[PDB]
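> Have a look at this one.
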Amino acid sequence: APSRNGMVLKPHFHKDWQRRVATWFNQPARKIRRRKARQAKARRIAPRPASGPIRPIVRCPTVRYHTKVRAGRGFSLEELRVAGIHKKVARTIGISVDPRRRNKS
Amino acid sequence: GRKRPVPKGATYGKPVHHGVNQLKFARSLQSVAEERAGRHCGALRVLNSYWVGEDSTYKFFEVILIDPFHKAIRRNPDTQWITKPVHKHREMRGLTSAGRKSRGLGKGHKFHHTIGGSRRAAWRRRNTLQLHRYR
Amino acid sequence: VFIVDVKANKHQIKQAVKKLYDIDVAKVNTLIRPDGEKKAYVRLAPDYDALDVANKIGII
Amino acid sequence: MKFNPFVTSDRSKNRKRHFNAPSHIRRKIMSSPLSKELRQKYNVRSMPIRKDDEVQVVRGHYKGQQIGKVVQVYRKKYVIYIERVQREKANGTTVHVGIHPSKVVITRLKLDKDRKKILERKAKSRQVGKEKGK
Amino acid sequence: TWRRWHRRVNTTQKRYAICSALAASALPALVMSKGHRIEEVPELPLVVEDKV
Amino acid sequence: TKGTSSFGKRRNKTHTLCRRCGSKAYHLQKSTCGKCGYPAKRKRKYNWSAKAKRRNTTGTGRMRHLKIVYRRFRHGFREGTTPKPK
Amino acid sequence: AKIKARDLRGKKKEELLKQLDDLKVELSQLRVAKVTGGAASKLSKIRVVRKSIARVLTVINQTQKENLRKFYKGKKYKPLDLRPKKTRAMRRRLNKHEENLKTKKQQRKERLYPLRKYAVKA
Amino acid sequence: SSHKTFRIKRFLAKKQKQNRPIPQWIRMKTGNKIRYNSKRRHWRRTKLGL
RNA sequence: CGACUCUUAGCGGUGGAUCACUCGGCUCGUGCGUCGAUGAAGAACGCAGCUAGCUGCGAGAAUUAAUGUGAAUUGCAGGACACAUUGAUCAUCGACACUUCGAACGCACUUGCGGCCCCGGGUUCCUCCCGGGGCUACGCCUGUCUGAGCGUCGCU
RNA sequence: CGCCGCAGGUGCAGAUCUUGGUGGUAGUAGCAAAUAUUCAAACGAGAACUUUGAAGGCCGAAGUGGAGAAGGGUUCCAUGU
RNA sequence: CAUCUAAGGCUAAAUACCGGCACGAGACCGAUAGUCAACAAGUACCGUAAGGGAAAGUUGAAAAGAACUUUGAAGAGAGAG
RNA sequence: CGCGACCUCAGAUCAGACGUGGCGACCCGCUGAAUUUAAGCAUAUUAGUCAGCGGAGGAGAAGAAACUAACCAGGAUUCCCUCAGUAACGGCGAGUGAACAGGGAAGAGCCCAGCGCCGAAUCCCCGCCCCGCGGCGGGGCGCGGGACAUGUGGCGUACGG
Ligand SMILES: [Mg+2]
Ligand SMILES: [Mg+2]
Ligand SMILES: [Mg+2]
Ligand SMILES: [Mg+2]
Ligand SMILES: [Mg+2]
Ligand SMILES: [Mg+2]
Ligand SMILES: [Mg+2]
Ligand SMILES: [Mg+2]
Ligand SMILES: [Mg+2]
Ligand SMILES: [Mg+2]
Ligand SMILES: [Mg+2]
Ligand SMILES: [Mg+2]
Ligand SMILES: [Mg+2]
Ligand SMILES: [Mg+2]
Ligand SMILES: [Mg+2]
Ligand SMILES: [Mg+2]
Ligand SMILES: [Mg+2]
Ligand SMILES: [Mg+2]
Ligand SMILES: [Mg+2]
Ligand SMILES: [Mg+2]
Ligand SMILES: [Mg+2]
Ligand SMILES: [Mg+2]
Ligand SMILES: [Mg+2]
Ligand SMILES: [Mg+2]
Ligand SMILES: [Mg+2]
Ligand SMILES: [Mg+2]
Ligand SMILES: [Mg+2]
Ligand SMILES: [Mg+2]
Ligand SMILES: [Mg+2]
Ligand SMILES: [Mg+2]
Ligand SMILES: [Mg+2]
Ligand SMILES: [Mg+2]
Ligand SMILES: [Mg+2]
Ligand SMILES: [Mg+2]
Ligand SMILES: [Zn+2]
């Protein structure tokens, strides 16, 4: 029963949520494992960049973010063509390629 | 369709679950045929199947099976994947083309049920309460 | 009187006794004791003698 | 202190390992300090105990400079029995008193092929450690 | 196990506490109040050369 | 009479020892174990009885082969090789 | 006085079997002594004779098994017990040869476009 | 009954052997912690499984 | 004077609370993440000088071999063991071995009964008996051999 | 263990509360279905109950007799406490 | 107009893990607690069966575990150690 | 009225392999309630949850768009934060309820059929000899057999060839 003023609340705890609860006690261990794997991979590829291949300059899709620019999946086929790079050699030299992206501007 | 197997048509419960007839099995007859072929010939791996004919009461499917231990399969790449242990009895787990259709797997606004790998995967991920360490 | 293995039948008992002690036997009666061991009574040949065979075995 | 993440410091775990230790490391556990003269003759400090070496008890009821030869290494009870370290029971006869080997100092070592090799390894390791320290 | 053992403190408050502790260690009344036996220490903010 | 008097009639064993699983659940008149379901290939096992599942799960017995497999895993299932002779 | 597998191995099967038979006879007479009162020494020798029988049998079986392995060395078909006993799952795997061989298209891909070792200037 | 199977007889043989007291010298063992035989079975007191 | 009863104390019983101890849990985290027809999980039956349970093991039976270690094991007995003309014990465990059921596999079992092929003994090699050894389950793939069809043909 | 803070599986007379132990009742109810015992002796520390013998009685052959099935599983049989 | 090219197939990483093997730790519990199970515990025992399922830790540093005398048949005492 | 070829079938203790059963915490495919809430109760809810069945692996599933968007466009999958207790559903009651974009973790792409072209170039098995045994490989030889033109291998797959 409600008592005096207060928000009308709808808790979603009618469905035996106790059996499916995600506890995050292994969060710092997960962070350490991720860091160690990062260091191991960077050690494995010694002169190459540790982060990964160069990603393209890409504008954000919707009207909320189109003023902003982020990184894309890979350089387009047309970009590679006019840059003079074979699309099967770009990936080996460390360039991400996104075949399914077409240019409009 | 799949008639519900209850004695004398009695489903003791609320009238919403009183249906016996007009019920449909959630997997297609083609996937059923693939399941039966694989279950009988468990030593083989089901690849795919195709419709070959039907009458009023029966449907006929021809099913392609691969012997995972024949040397013509094991020494040939591009088919070595079917011999991997994780690829056994795929039809019982719905990995064939026919068995995959019933799962609702795909891309688009139409397929928001199977985000994460499967319906149960999505349901788990959505209905699990993520209790962080810091709240 | 011998305690023989539970799986040995009378023919095997007769052969084994005859070869082990180089003797001649008439018949074998077989009973399984309550505790599980098989006990075989072996009648010797009349020309042979259980007393001195037991002497040479060392059970006397 | 202790820094190895694979080495436990739990009291209960350590006690479990100690009391359930197999015999071949119960021998290592039952190790005794050498006398001053032995610690000078050999560049080693302690030595695991043996059947026929002569010790002297340094703690408890049976202290003294008397040199008694071991006659028993009762590893299950983690004790040893010594020649004249005994005690007379009620009926008239006598038994030995269990003594932890850590409460004695070895004065003479029952030398054979193996003991000399153990002494050699220990002295070599000590020399290596001190020469690294210098 | 879901008892919220961890607490998150504001970063500004944490730095505030560090500043207060650093300031407090420089008062001989407070450090002697902790019982740290600072009687013949030449100067309470004790600084030594980097040779140590 | 349903009480003590009727209890004097029970002298015919219904269940007996099952060759699999060693329990006195082998229904004689039905030729089927009540605990393992012996003529059936698969073991009779149910999730509603977790206590009964743990009474007979792997490791509640002897594990004669698994306790050697576990030991061999640490050295990688080596065969055909022997330690260096003295 | 004891019997050692160390020096039991230089002998032929025939005298090995004779030694085993003598040990069996000794054990049988020891069992007779056990059931007819006997003595402590005879009772304690039973374990020793049993281990001696086990050592002789072990040497016999090992000799036979290595001879059989020598016989089947290089043959296309071997007895199952002479085949490796790794794991049922591990024996069904694809061997090194067929897990390493690749398609001609894959080989052409690798020949033409290998992975280059590179770096980026700051 | 007199009419019994070989398997039933084998089972009863094991039970008969298993129903006997502990050896005297067991108490002298180091860390014995065993008082008597707890698994003693009397035929008229507790009936067998089979 | 006592008996009985009540209250309080001393002491002694019954009882096993409290307190201290902890080779046990519970919770979290990490690293691997490995069963089985080459017979699994599970079960049954057995194995110690004296041993019923727990543990260990499979007729080689509280264990064989090998390697490391290096004088014990131990409740009593007994007995090796120059510890180098090689070694108690324990550990590791890669060689060997691993009874009966059990997916369980010749048929069937709350019992028992076969069939084929070799070897040995009575036989005195021929086929009866006894003993030993190896096969004898279902489904399915590729190949092999034997085949069936007034199925479609060809020659005759 | 005191003092300053911190965190609780933190305070028991009840719940026909749970577990364990203990009283009065109380040396009380009771050891009353199917006729029955007695004499001497032996062993034995100890005899109303054992054993032997002598009596008197019962089951009275659809038995309180002799054997079996099912079930029990060593209860069978000696010897000792 | 925009977008993709269904009805064939493969693919590591980030991810999950209350069963298994081997480990480390704790502001947790301290024997009516903590797992049912600190101990011969899925044991004893119950039910035809599916299944149900306990109780149960502590001499002492060392057995040095009370020699020997004495009453009783012994239990059990009294001295002594 | 016999003998061959092919097709479709059958047998075999034929030569050589493979499957079965166990565990099932995590995962995949099904089947699937009611207690409970709604202060009653039938849709709803519990819940695609418990129970039931099947199939795996060290992870599994997914996965390289018949996508999202409507922008000055993004670009496989999976996971975390957020969107969001929102859009929406609902005896529009109780209650239920995502997705896109943004930031991160990780990042990897590809192969067939077909269309064609290349004297079937293709593959399996059996013998003989040599080098290796370690997960049985290579080389050579066989007028040795078989599969296969009802289609094996090479180029080649929407990023055009
Ligand atoms: Mg309010
Ligand atoms: Mg990154
Ligand atoms: Mg008979
Ligand atoms: Mg190709
Ligand atoms: Mg008795
Ligand atoms: Mg008192
Ligand atoms: Mg050995
Ligand atoms: Mg019958
Ligand atoms: Mg015709
Ligand atoms: Mg409380
Ligand atoms: Mg109270
Ligand atoms: Mg209280
Ligand atoms: Mg109150
Ligand atoms: Mg009365
Ligand atoms: Mg009366
Ligand atoms: Mg009369
Ligand atoms: Mg009368
Ligand atoms: Mg009668
Ligand atoms: Mg009797
Ligand atoms: Mg207590
Ligand atoms: Mg408890
Ligand atoms: Mg008495
Ligand atoms: Mg065959
Ligand atoms: Mg309601
Ligand atoms: Mg209500
Ligand atoms: Mg109601
Ligand atoms: Mg409803
Ligand atoms: Mg379920
Ligand atoms: Mg399965
Ligand atoms: Mg996968
Ligand atoms: Mg896939
Ligand atoms: Mg819902
Ligand atoms: Mg083609
Ligand atoms: Mg595509
Ligand atoms: Zn069963």
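By order of appearance in the structure tokens: chains A, B, ..., then residues from 1 within every chain, and ligands from 1 in the order shown.
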Just want the 6 Å neighbourhood of residue C:38, counted on only C-alpha atoms (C1' of nucleotides), with same-chain residues fewer than 6 positions away dropped. Output as a list in words.
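So, after excluding close chain neighbours, the residues are residues 3, 4, 6, 31 and 32 of chain C.
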> List the spatial neighbours of stretch 50-53 of chain F as a list in words - criterion: any atom at most 12 Å away, only C-alpha atoms (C1' of nucleotides), same-chain residues fewer than 2 positions off excluded.
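Returned residues: residues 35, 36, 43, 44, 45, 46, 47, 48, 55, 56, 57, 58, 59 and 60 of chain F; 19, 36, 42, 50, 51, 52 and 53 of chain K; 23 and 24 of chain L.
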> Pull C-alpha atoms (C1' of nucleotides) from the residues just selected and write them as a PDB file, in the first residue's frame.

ATOM      1  CA  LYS F  35      17.308 -46.710  -9.642  1.00  0.00           C
ATOM      2  CA  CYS F  36      19.339 -47.039 -12.851  1.00  0.00           C
ATOM      3  CA  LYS F  43      21.343 -44.152 -16.626  1.00  0.00           C
ATOM      4  CA  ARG F  44      18.096 -43.145 -14.940  1.00  0.00           C
ATOM      5  CA  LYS F  45      18.931 -39.657 -13.675  1.00  0.00           C
ATOM      6  CA  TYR F  46      16.756 -36.693 -12.746  1.00  0.00           C
ATOM      7  CA  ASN F  47      17.400 -33.041 -11.958  1.00  0.00           C
ATOM      8  CA  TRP F  48      14.636 -32.857  -9.390  1.00  0.00           C
ATOM      9  CA  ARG F  55      24.912 -40.057  -4.306  1.00  0.00           C
ATOM     10  CA  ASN F  56      26.150 -41.694  -7.508  1.00  0.00           C
ATOM     11  CA  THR F  57      27.877 -38.991  -9.558  1.00  0.00           C
ATOM     12  CA  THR F  58      31.426 -39.412 -10.843  1.00  0.00           C
ATOM     13  CA  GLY F  59      33.870 -39.551  -7.962  1.00  0.00           C
ATOM     14  CA  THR F  60      31.515 -41.141  -5.457  1.00  0.00           C
TER      15      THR F  60
ATOM     16  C1'   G K  19      30.843 -29.999 -12.416  1.00  0.00           C
ATOM     17  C1'   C K  36      24.319 -33.559   5.816  1.00  0.00           C
ATOM     18  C1'   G K  42      26.218 -40.270   1.853  1.00  0.00           C
ATOM     19  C1'   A K  50      11.705 -44.227  -5.817  1.00  0.00           C
ATOM     20  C1'   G K  51      14.104 -42.094  -1.643  1.00  0.00           C
ATOM     21  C1'   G K  52      15.010 -40.344   3.516  1.00  0.00           C
ATOM     22  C1'   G K  53      19.523 -39.946   6.391  1.00  0.00           C
TER      23        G K  53
ATOM     24  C1'   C L  23      29.846 -35.662 -16.808  1.00  0.00           C
ATOM     25  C1'   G L  24      26.619 -31.926 -17.702  1.00  0.00           C
TER      26        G L  24
END
> Chain A residues within 6 Å of chain L, counting only C-alpha atoms (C1' of nucleotides): which ones, as a ChimeraX atom specification?
/A:61-63,99
> Produce a file of the selected residues containing C-alpha atoms, as a compact mmCIF listing (two decimals), in the first residue's frame.

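For reference, result_0.txt as written:
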# COMPACT_ATOMS: atom_id res chain seq x y z
CA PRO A 61 26.15 8.94 -38.59
CA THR A 62 23.16 10.60 -36.99
CA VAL A 63 22.20 14.24 -36.63
CA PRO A 99 35.32 -3.10 -48.23
> I'd like the neighbourhood of residue K:26 as JSON, numbers by chain, where a residue qualifies if any of its atoms comes within 12 Å (using only C-alpha atoms (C1' of nucleotides)), though same-chain residues fewer than 4 positions away should be ignored.
{"D": [10], "I": [26, 27, 28, 29]}
> With N, CA and C atoms (P, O5', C5', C4', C3', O3' and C1' of nucleotides) retained, could you export that selection as a PDB file, in the first residue's frame?

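Once written, out.pdb looks like this:
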ATOM      1  N   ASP D  10      49.067 -20.080   5.341  1.00  0.00           N
ATOM      2  CA  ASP D  10      47.949 -20.449   6.194  1.00  0.00           C
ATOM      3  C   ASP D  10      48.406 -21.409   7.281  1.00  0.00           C
TER       4      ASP D  10
ATOM      5  P     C I  26      32.005 -26.300   1.608  1.00  0.00           P
ATOM      6  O5'   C I  26      31.513 -24.798   1.676  1.00  0.00           O
ATOM      7  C5'   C I  26      30.349 -24.456   2.402  1.00  0.00           C
ATOM      8  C4'   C I  26      30.335 -22.986   2.711  1.00  0.00           C
ATOM      9  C3'   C I  26      30.721 -22.081   1.561  1.00  0.00           C
ATOM     10  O3'   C I  26      29.655 -21.838   0.671  1.00  0.00           O
ATOM     11  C1'   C I  26      31.902 -21.436   3.489  1.00  0.00           C
ATOM     12  P     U I  27      29.965 -21.582  -0.876  1.00  0.00           P
ATOM     13  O5'   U I  27      30.630 -20.140  -0.900  1.00  0.00           O
ATOM     14  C5'   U I  27      29.903 -18.996  -0.495  1.00  0.00           C
ATOM     15  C4'   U I  27      30.794 -17.786  -0.446  1.00  0.00           C
ATOM     16  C3'   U I  27      31.648 -17.562  -1.671  1.00  0.00           C
ATOM     17  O3'   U I  27      30.946 -16.983  -2.747  1.00  0.00           O
ATOM     18  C1'   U I  27      32.988 -17.353   0.231  1.00  0.00           C
ATOM     19  P     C I  28      31.397 -17.324  -4.243  1.00  0.00           P
ATOM     20  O5'   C I  28      32.711 -16.458  -4.428  1.00  0.00           O
ATOM     21  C5'   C I  28      32.659 -15.048  -4.319  1.00  0.00           C
ATOM     22  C4'   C I  28      34.040 -14.459  -4.265  1.00  0.00           C
ATOM     23  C3'   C I  28      34.931 -14.778  -5.443  1.00  0.00           C
ATOM     24  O3'   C I  28      34.643 -13.996  -6.582  1.00  0.00           O
ATOM     25  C1'   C I  28      36.139 -15.086  -3.454  1.00  0.00           C
ATOM     26  P     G I  29      34.857 -14.617  -8.043  1.00  0.00           P
ATOM     27  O5'   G I  29      36.434 -14.631  -8.207  1.00  0.00           O
ATOM     28  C5'   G I  29      37.166 -13.423  -8.124  1.00  0.00           C
ATOM     29  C4'   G I  29      38.644 -13.677  -8.036  1.00  0.00           C
ATOM     30  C3'   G I  29      39.215 -14.613  -9.077  1.00  0.00           C
ATOM     31  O3'   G I  29      39.370 -14.025 -10.350  1.00  0.00           O
ATOM     32  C1'   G I  29      40.065 -15.205  -6.983  1.00  0.00           C
TER      33        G I  29
END
> Could you give me, as a PDB file with C-alpha atoms (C1' of nucleotides), in the first residue's frame, the residues within 12 Å of residue K:6, counting only C-alpha atoms (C1' of nucleotides) and dropping anything in the same chain fewer than 4 positions from it?

ATOM      1  CA  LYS B 101      15.868 -20.925 -39.887  1.00  0.00           C
ATOM      2  CA  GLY B 106      19.811 -12.732 -38.743  1.00  0.00           C
ATOM      3  CA  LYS B 107      20.560  -9.044 -39.000  1.00  0.00           C
TER       4      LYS B 107
ATOM      5  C1'   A L  65      24.768  -7.456 -43.910  1.00  0.00           C
ATOM      6  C1'   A L  66      18.851  -9.573 -48.372  1.00  0.00           C
TER       7        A L  66
END
> Define the interface residues of chain E facing chain B as those within 9 Å, counting only C-alpha atoms, and report them as number ranges by chain.
E: 2, 4-8
> Any residue with an atom at most 12 Å from ligand 12 counts, using only C-alpha atoms (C1' of nucleotides) and all ligand atoms. Which are they? Put them as a VMD selection string.
(chain I and resid 17) or (chain J and resid 10 to 13) or (chain K and resid 32)
> Those same residues - C-alpha atoms (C1' of nucleotides) - I'd like them written as a PDB file, in the first residue's frame.

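Final output, saved to again.pdb:
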ATOM      1  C1'   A I  17      26.959 -25.731  28.998  1.00  0.00           C
TER       2        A I  17
ATOM      3  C1'   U J  10      25.001  -8.496  18.634  1.00  0.00           C
ATOM      4  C1'   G J  11      21.319  -9.072  23.970  1.00  0.00           C
ATOM      5  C1'   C J  12      15.614 -14.128  25.047  1.00  0.00           C
ATOM      6  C1'   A J  13      10.892 -16.561  29.565  1.00  0.00           C
TER       7        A J  13
ATOM      8  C1'   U K  32      23.204 -27.581  18.489  1.00  0.00           C
TER       9        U K  32
END
> If you count only C-alpha atoms (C1' of nucleotides) and all ligand atoms, which residues end up within 12 Å of ligand 6, as a count of residues only?
6
> 12 Å from ligand 1 is the threshold here; counting only C-alpha atoms (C1' of nucleotides) and all ligand atoms, which polymer residues fall inside it? Answer as a PyMOL selection string.
chain A and resi 1-8
> What does the file look like for those residues with C-alpha atoms, as a JSON list (two decimals), in the first residue's frame?

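And here's out15.json as it stands now:
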[["chain", "number", "residue", "atom", "x", "y", "z"],
["A", 1, "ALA", "CA", 0.00, 0.00, 0.00],
["A", 2, "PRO", "CA", 1.20, 3.49, -0.82],
["A", 3, "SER", "CA", 1.56, 5.92, 2.06],
["A", 4, "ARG", "CA", 1.25, 9.67, 1.47],
["A", 5, "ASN", "CA", 3.20, 11.24, -1.39],
["A", 6, "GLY", "CA", 5.85, 9.40, -3.36],
["A", 7, "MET", "CA", 6.73, 8.12, -6.79],
["A", 8, "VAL", "CA", 4.73, 5.25, -8.25]]
